[PDB]
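Let's start with one chain on its own, the form deposited in one PDB entry, as structure tokens.
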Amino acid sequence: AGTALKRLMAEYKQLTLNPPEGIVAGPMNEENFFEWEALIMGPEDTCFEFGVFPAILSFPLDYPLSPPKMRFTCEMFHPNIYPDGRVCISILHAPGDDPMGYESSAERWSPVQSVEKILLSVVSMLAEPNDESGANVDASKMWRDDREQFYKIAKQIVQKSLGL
């Protein structure tokens, strides 16, 4: 097995052994460890509380040297999530001379990170709509100019994810 396969099996074992609260993640099929499905719950007492949000994680051949791609498959409305579902946060951006508008030498991906860490960071991102990427310009603007409406939309996003 290549380095990538080794690391990914190792990470998954730790996840199955000690399941993280509010986060479920693993390969859709163990014949291909490079494609995972993840489910994360919006943290209690935040505007996305109890939403259940599915995402696909696609890992590069050179993992963990490069980060996975992560895309939500459900409807979302958040400053750091593109209209297509792609999650844009500094920790998922490969170190490189192209800020892609993140931050002052924003914290990039490193092999120190892990799937558990990416997912916990995304959970935090939901709880703390931290406009670092302006991925959804409309959500960015509303978070800034009409917070109370943003909260309204967020509960709708929750209800939709629950199928209610």
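Rigid core here is just the name for the largest C-alpha set that superposes within 1.5 Å across the two forms. Just count from 1 along the sequence shown to find any residue number.
- In the record comparison, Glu116 is modelled in each of the other entries of this protein that model the residues flanking it, with no third of them omitting it.
- In the comparison with other entries of the same protein, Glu103 is left without coordinates in at least one third of those covering both sides of it.
- Higher mean CA B-factor, judged across 92-100 and 119-127 from the recorded values: 92-100.
- Here the stretch with the larger average CA B-factor, out of 153-161 and 1-9, is 1-9.
- For the set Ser110, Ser58, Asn32, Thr46, the PDB entry assigns the largest Cα B-factor to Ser110.
- Ranking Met41, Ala135, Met28, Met70 by Cα temperature factor from the entry places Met28 first.
- Among the modelled residues of its chain, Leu17 has a C-alpha B-factor that falls in the highest third according to the deposited record.
- Sorting the modelled residues of the chain by their CA temperature factor places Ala106 in the highest third.
If you look for the form deposited in another entry, you will not find it shown, but the lines that follow are about it.
- Only one of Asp62, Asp45, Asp138, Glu103 has its C-alpha shifted by 2 Å or more between the shown form and the other one once the core is superposed, and that residue is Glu103.
- Distance between the C-alpha atoms of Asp97 and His93: shorter by at least 3 Å in that other deposited form than in the displayed form.
- Pairwise change in that other deposited form: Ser104 and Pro60 C-alpha atoms lie closer than in the shown form, at least 3 Å.
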